[PDB]
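For reference, the structure is listed below as structure tokens.
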Amino acid sequence: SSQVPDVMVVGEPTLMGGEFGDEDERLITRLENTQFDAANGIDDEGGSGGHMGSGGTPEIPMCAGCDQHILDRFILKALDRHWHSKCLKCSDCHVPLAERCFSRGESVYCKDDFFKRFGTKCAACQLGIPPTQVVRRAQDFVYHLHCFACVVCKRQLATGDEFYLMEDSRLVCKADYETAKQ
Ligand SMILES: [Zn+2]
Ligand SMILES: [Zn+2]
Ligand SMILES: [Zn+2]
Ligand SMILES: [Zn+2]
């Protein structure tokens with residue numbers, strides 16, 4: 001009975017290959033709003049009719065992330081509500097989100113960081129691993145193609161290469177294992 005101990009070996013690199021799905025989360029809806037005839041939007045009080053009358057408008061829906069209400073043409077409806085163009089930026093990245101949108105933890109986030117921060121990534125440099133790239137994952141967790149190496153040899157381990165997984169997440173060959181602790 002020759003059964004090797006808790007040992008492993010690098011194999012064919014592969015990834016989850018998903019990149020999330022726009023259909024999953026409710027993306028921003030670019031549509032023409034129907035607020036082109038409410039309150040005093042147009043500058044000055046004129047144009048057809050002459051002198052009109054429109055003061056405060058209570059019980060009116062306010063722009064998502066704003067103090068007043070919407071009254072423009074093109075509006076982005078997302079997160080079960082209408083979110084302005086400039087009022088739809090990532091609270092963290094603060095980058096222009098004029099294409100997609102995301103919500104989580106009572107805050108509007110983007111999909112970019114959702115994959116890295118709220119997804120899978122390298123367990124070495126905390127970098128965001130692509131969606132379907134090509135890399136080898138350590139048993140359960142995933143690692144980098146470059147970061148991958150030995151604690152002593154400091155050399156990457158390609159398919160076929162035998163490496164051990166330390167309790168503190170560390171790659172160690174056979175000879176390095178015993179020499180390391182065992
Ligand atoms: Zn706004
Ligand atoms: Zn973001
Ligand atoms: Zn890394
Ligand atoms: Zn080694």
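Chain identifiers are assigned as A, B, and so on, following the order in which chains appear in the structure tokens; residues are numbered from 1 within each chain, and ligands are numbered from 1 in order of appearance.
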
Just want the residues within 7 Å of ligand 4, written as a PyMOL selection string, counting only C-alpha atoms and all ligand atoms.
chain A and resi 150-154+172-173+175-176

Range 60-62 of chain A environment, 12 Å, only C-alpha atoms, sequence neighbours closer than 3 positions dropped, as a compact mmCIF listing (two decimals) with N, CA, C and O atoms, in the first residue's frame:
```
# COMPACT_ATOMS: atom_id res chain seq x y z
N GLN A 35 -40.97 64.16 -17.89
CA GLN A 35 -40.99 65.35 -17.04
C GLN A 35 -40.66 66.60 -17.85
O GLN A 35 -39.98 67.50 -17.37
N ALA A 38 -43.39 69.78 -16.33
CA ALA A 38 -43.64 69.89 -14.90
C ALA A 38 -42.76 70.96 -14.27
O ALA A 38 -41.57 71.05 -14.57
N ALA A 39 -43.34 71.76 -13.38
CA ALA A 39 -42.60 72.82 -12.71
C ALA A 39 -42.02 73.81 -13.71
O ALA A 39 -42.21 73.67 -14.92
N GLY A 56 -44.24 75.71 -5.65
CA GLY A 56 -43.74 74.49 -5.04
C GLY A 56 -44.59 73.28 -5.40
O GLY A 56 -45.80 73.39 -5.60
N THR A 57 -43.95 72.12 -5.47
CA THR A 57 -44.64 70.88 -5.80
C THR A 57 -44.31 69.78 -4.80
O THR A 57 -43.41 68.97 -5.03
N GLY A 65 -30.19 60.53 -5.19
CA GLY A 65 -28.92 61.12 -4.83
C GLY A 65 -28.90 62.62 -5.06
O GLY A 65 -27.85 63.21 -5.32
N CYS A 66 -30.07 63.24 -4.96
CA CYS A 66 -30.21 64.68 -5.16
C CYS A 66 -31.09 65.30 -4.08
O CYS A 66 -31.57 64.61 -3.19
N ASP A 67 -31.29 66.61 -4.18
CA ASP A 67 -32.12 67.33 -3.22
C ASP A 67 -33.46 67.72 -3.84
O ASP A 67 -34.47 67.83 -3.14
N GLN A 68 -33.47 67.91 -5.15
CA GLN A 68 -34.68 68.28 -5.86
C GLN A 68 -35.21 67.11 -6.69
O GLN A 68 -34.77 65.97 -6.51
N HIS A 69 -36.14 67.40 -7.59
CA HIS A 69 -36.72 66.37 -8.45
C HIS A 69 -36.22 66.50 -9.88
O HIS A 69 -35.71 67.55 -10.28
N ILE A 70 -36.36 65.43 -10.65
CA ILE A 70 -35.92 65.42 -12.04
C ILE A 70 -36.87 66.22 -12.92
O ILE A 70 -38.06 66.36 -12.61
N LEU A 71 -36.35 66.74 -14.03
CA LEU A 71 -37.14 67.53 -14.96
C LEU A 71 -36.43 67.66 -16.30
O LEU A 71 -36.58 68.66 -17.00
N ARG A 81 -35.51 52.98 -9.66
CA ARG A 81 -35.70 54.42 -9.52
C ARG A 81 -34.92 55.18 -10.59
O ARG A 81 -34.05 54.62 -11.26
N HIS A 82 -35.23 56.46 -10.74
CA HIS A 82 -34.56 57.30 -11.72
C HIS A 82 -33.31 57.94 -11.12
O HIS A 82 -33.39 58.72 -10.17
N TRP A 83 -32.15 57.62 -11.69
CA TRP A 83 -30.89 58.17 -11.22
C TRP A 83 -30.28 59.12 -12.25
O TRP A 83 -30.11 58.75 -13.42
N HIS A 84 -29.98 60.33 -11.82
CA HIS A 84 -29.40 61.34 -12.69
C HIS A 84 -28.18 60.80 -13.43
O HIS A 84 -27.74 59.67 -13.18
N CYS A 87 -25.45 61.89 -10.92
CA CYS A 87 -25.77 61.34 -9.61
C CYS A 87 -25.82 59.82 -9.64
O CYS A 87 -26.50 59.19 -8.84
```

Identify, counting only C-alpha atoms and all ligand atoms, the protein, DNA and RNA residues located within 12 Å of ligand 3, and give them as a list in words.
residues 120, 121, 122, 123, 124, 125, 126, 127, 128, 129, 130, 135, 136, 137, 142, 143, 144, 145, 146, 147, 148 and 149 of chain A

Using N, CA, C and O atoms, can you write the selected residues to a file as an mmCIF file, in the first residue's frame?
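Written out: result-v3.cif:
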```cif
data_model
loop_
_atom_site.group_PDB
_atom_site.id
_atom_site.type_symbol
_atom_site.label_atom_id
_atom_site.label_comp_id
_atom_site.auth_asym_id
_atom_site.auth_seq_id
_atom_site.Cartn_x
_atom_site.Cartn_y
_atom_site.Cartn_z
ATOM 1 N N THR A 120 -13.821 37.388 -7.292
ATOM 2 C CA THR A 120 -12.593 36.617 -7.137
ATOM 3 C C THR A 120 -11.374 37.448 -7.525
ATOM 4 O O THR A 120 -11.467 38.360 -8.348
ATOM 5 N N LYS A 121 -10.230 37.125 -6.928
ATOM 6 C CA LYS A 121 -8.990 37.840 -7.214
ATOM 7 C C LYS A 121 -7.779 37.057 -6.714
ATOM 8 O O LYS A 121 -7.921 36.064 -6.002
ATOM 9 N N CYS A 122 -6.591 37.514 -7.095
ATOM 10 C CA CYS A 122 -5.353 36.860 -6.688
ATOM 11 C C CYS A 122 -5.170 36.934 -5.176
ATOM 12 O O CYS A 122 -5.480 37.949 -4.553
ATOM 13 N N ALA A 123 -4.662 35.854 -4.591
ATOM 14 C CA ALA A 123 -4.436 35.799 -3.150
ATOM 15 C C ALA A 123 -3.000 36.185 -2.803
ATOM 16 O O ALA A 123 -2.462 35.753 -1.784
ATOM 17 N N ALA A 124 -2.389 37.000 -3.655
ATOM 18 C CA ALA A 124 -1.020 37.448 -3.442
ATOM 19 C C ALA A 124 -0.935 38.969 -3.461
ATOM 20 O O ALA A 124 -0.492 39.588 -2.492
ATOM 21 N N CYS A 125 -1.361 39.568 -4.569
ATOM 22 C CA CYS A 125 -1.332 41.019 -4.711
ATOM 23 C C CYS A 125 -2.741 41.613 -4.656
ATOM 24 O O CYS A 125 -2.922 42.814 -4.857
ATOM 25 N N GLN A 126 -3.736 40.771 -4.382
ATOM 26 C CA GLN A 126 -5.120 41.225 -4.301
ATOM 27 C C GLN A 126 -5.571 41.851 -5.617
ATOM 28 O O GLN A 126 -6.429 42.734 -5.632
ATOM 29 N N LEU A 127 -4.993 41.389 -6.720
ATOM 30 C CA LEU A 127 -5.345 41.905 -8.038
ATOM 31 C C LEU A 127 -6.600 41.224 -8.567
ATOM 32 O O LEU A 127 -6.892 40.080 -8.218
ATOM 33 N N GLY A 128 -7.343 41.934 -9.409
ATOM 34 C CA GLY A 128 -8.561 41.382 -9.969
ATOM 35 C C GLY A 128 -8.301 40.467 -11.150
ATOM 36 O O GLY A 128 -7.952 40.929 -12.236
ATOM 37 N N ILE A 129 -8.478 39.167 -10.940
ATOM 38 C CA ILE A 129 -8.270 38.186 -11.998
ATOM 39 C C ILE A 129 -9.367 38.295 -13.053
ATOM 40 O O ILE A 129 -10.551 38.331 -12.718
ATOM 41 N N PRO A 130 -8.996 38.356 -14.346
ATOM 42 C CA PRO A 130 -9.969 38.466 -15.436
ATOM 43 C C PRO A 130 -11.114 37.465 -15.292
ATOM 44 O O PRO A 130 -11.115 36.635 -14.383
ATOM 45 N N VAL A 135 -5.349 30.767 -15.925
ATOM 46 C CA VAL A 135 -4.490 30.706 -14.751
ATOM 47 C C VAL A 135 -4.787 29.464 -13.918
ATOM 48 O O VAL A 135 -5.866 28.882 -14.018
ATOM 49 N N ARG A 136 -3.823 29.064 -13.095
ATOM 50 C CA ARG A 136 -3.987 27.892 -12.244
ATOM 51 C C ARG A 136 -4.426 28.298 -10.842
ATOM 52 O O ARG A 136 -3.894 29.249 -10.266
ATOM 53 N N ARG A 137 -5.397 27.575 -10.299
ATOM 54 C CA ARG A 137 -5.909 27.861 -8.965
ATOM 55 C C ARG A 137 -5.401 26.840 -7.955
ATOM 56 O O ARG A 137 -5.416 25.637 -8.215
ATOM 57 N N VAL A 142 -7.727 30.774 -6.067
ATOM 58 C CA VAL A 142 -7.049 31.076 -7.323
ATOM 59 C C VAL A 142 -5.811 31.931 -7.072
ATOM 60 O O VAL A 142 -5.761 32.696 -6.109
ATOM 61 N N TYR A 143 -4.811 31.796 -7.937
ATOM 62 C CA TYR A 143 -3.576 32.560 -7.793
ATOM 63 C C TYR A 143 -3.149 33.182 -9.117
ATOM 64 O O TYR A 143 -3.764 32.945 -10.157
ATOM 65 N N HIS A 144 -2.090 33.982 -9.064
ATOM 66 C CA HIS A 144 -1.564 34.651 -10.249
ATOM 67 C C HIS A 144 -0.659 33.720 -11.047
ATOM 68 O O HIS A 144 -0.163 32.722 -10.524
ATOM 69 N N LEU A 145 -0.426 34.069 -12.306
ATOM 70 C CA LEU A 145 0.447 33.282 -13.165
ATOM 71 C C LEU A 145 1.901 33.636 -12.881
ATOM 72 O O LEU A 145 2.798 32.804 -13.019
ATOM 73 N N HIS A 146 2.120 34.886 -12.474
ATOM 74 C CA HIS A 146 3.456 35.374 -12.158
ATOM 75 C C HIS A 146 3.768 35.170 -10.677
ATOM 76 O O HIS A 146 4.821 34.642 -10.319
ATOM 77 N N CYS A 147 2.840 35.591 -9.820
ATOM 78 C CA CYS A 147 3.004 35.456 -8.375
ATOM 79 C C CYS A 147 3.310 34.010 -7.994
ATOM 80 O O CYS A 147 4.010 33.750 -7.016
ATOM 81 N N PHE A 148 2.776 33.075 -8.772
ATOM 82 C CA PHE A 148 2.986 31.653 -8.519
ATOM 83 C C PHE A 148 4.474 31.312 -8.495
ATOM 84 O O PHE A 148 5.186 31.531 -9.474
ATOM 85 N N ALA A 149 4.932 30.774 -7.370
ATOM 86 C CA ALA A 149 6.332 30.397 -7.216
ATOM 87 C C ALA A 149 6.552 29.634 -5.913
ATOM 88 O O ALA A 149 5.604 29.361 -5.178
#
```

Closest-contact table, chain A side, partner ligand 2, 9 Å, counting only C-alpha atoms and all ligand atoms, as a Markdown table:
```
| residue | atom | partner | partner_atom_place_in_ligand_line | distance |
| --- | --- | --- | --- | --- |
| A:89 | CA | ligand 2 | 1 (Zn) | 8.0 |
| A:90 | CA | ligand 2 | 1 (Zn) | 4.7 |
| A:91 | CA | ligand 2 | 1 (Zn) | 7.0 |
| A:92 | CA | ligand 2 | 1 (Zn) | 5.5 |
| A:93 | CA | ligand 2 | 1 (Zn) | 4.3 |
| A:94 | CA | ligand 2 | 1 (Zn) | 6.8 |
| A:95 | CA | ligand 2 | 1 (Zn) | 7.0 |
| A:97 | CA | ligand 2 | 1 (Zn) | 8.8 |
| A:102 | CA | ligand 2 | 1 (Zn) | 8.7 |
| A:108 | CA | ligand 2 | 1 (Zn) | 8.3 |
| A:109 | CA | ligand 2 | 1 (Zn) | 4.9 |
| A:110 | CA | ligand 2 | 1 (Zn) | 4.1 |
| A:111 | CA | ligand 2 | 1 (Zn) | 6.7 |
| A:112 | CA | ligand 2 | 1 (Zn) | 6.1 |
| A:113 | CA | ligand 2 | 1 (Zn) | 4.9 |
| A:114 | CA | ligand 2 | 1 (Zn) | 7.1 |
| A:117 | CA | ligand 2 | 1 (Zn) | 8.9 |
```

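Our summary of the geometry notes that CA of residue 155 in chain A is positioned 15.9 Å from CA of residue 180 in chain A.
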
So that I can see what lies close to residue 52 in chain A, please list as a PyMOL selection string the residues with an atom at most 12 Å from it, counting only C-alpha atoms and leaving out residues fewer than 6 positions away in the same chain.
chain A and resi 38-40+42+44-46

CA of residue 72 in chain A and CA of residue 104 in chain A, how far apart in Å?
26.8 Å

Would you give me, as a VMD selection string, the residues in range 20-110 of chain A that DSSP reads as strand (DSSP E)?
chain A and resid 29 to 32 74 to 78 81 to 83 102 to 104 107 to 109

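Minimum atom-to-atom distances from A:63, A:4, A:166, A:16 to residue 133 in chain A were compared using only C-alpha atoms, and the lowest value belongs to A:16.
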
When distances are computed from only C-alpha atoms and all ligand atoms, which of A:88, A:171, A:138, A:157 shows the smallest separation from ligand 1?
A:88

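Candidate residues A:7, A:165, A:64, A:101 were compared for distance to ligand 1, and the nearest is A:64, using only C-alpha atoms and all ligand atoms.
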
Among the residues A:73, A:96, A:18, A:25, the one that comes closest to residue 37 in chain A [using only C-alpha atoms]:
A:73

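Residues of chain A assigned to alpha helix (DSSP H) by DSSP on this structure's backbone: residues 111, 112, 113, 114, 115, 116, 174, 175, 176, 177, 178, 179 and 180 of chain A.
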
Can you spit out the residues from that selection as a CSV table (one decimal), in the first residue's frame, using C-alpha atoms?
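Written output follows (part-v1.csv):
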```csv
chain,number,residue,atom,x,y,z
A,111,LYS,CA,-19.5,46.2,-12.0
A,112,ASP,CA,-15.8,46.8,-12.5
A,113,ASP,CA,-15.0,46.7,-8.8
A,114,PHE,CA,-17.9,44.2,-8.2
A,115,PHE,CA,-15.8,41.6,-10.0
A,116,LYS,CA,-12.6,42.4,-8.1
A,174,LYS,CA,8.7,18.3,-2.1
A,175,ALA,CA,12.3,18.8,-1.1
A,176,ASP,CA,11.4,22.2,0.2
A,177,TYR,CA,8.6,20.7,2.3
A,178,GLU,CA,10.8,18.6,4.6
A,179,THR,CA,13.6,21.2,4.5
A,180,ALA,CA,10.9,23.8,5.4
```

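For the pair CA of residue 28 in chain A and CA of residue 85 in chain A, the interatomic distance is 10.0 Å.
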
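With distances taken over only C-alpha atoms and all ligand atoms, A:76 is the one residue among A:76, A:22, A:12, A:17 lying closest to ligand 1.
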
For residue 100 in chain A, which residue among A:78, A:158, A:27, A:134 is the nearest when counting only C-alpha atoms?
A:27
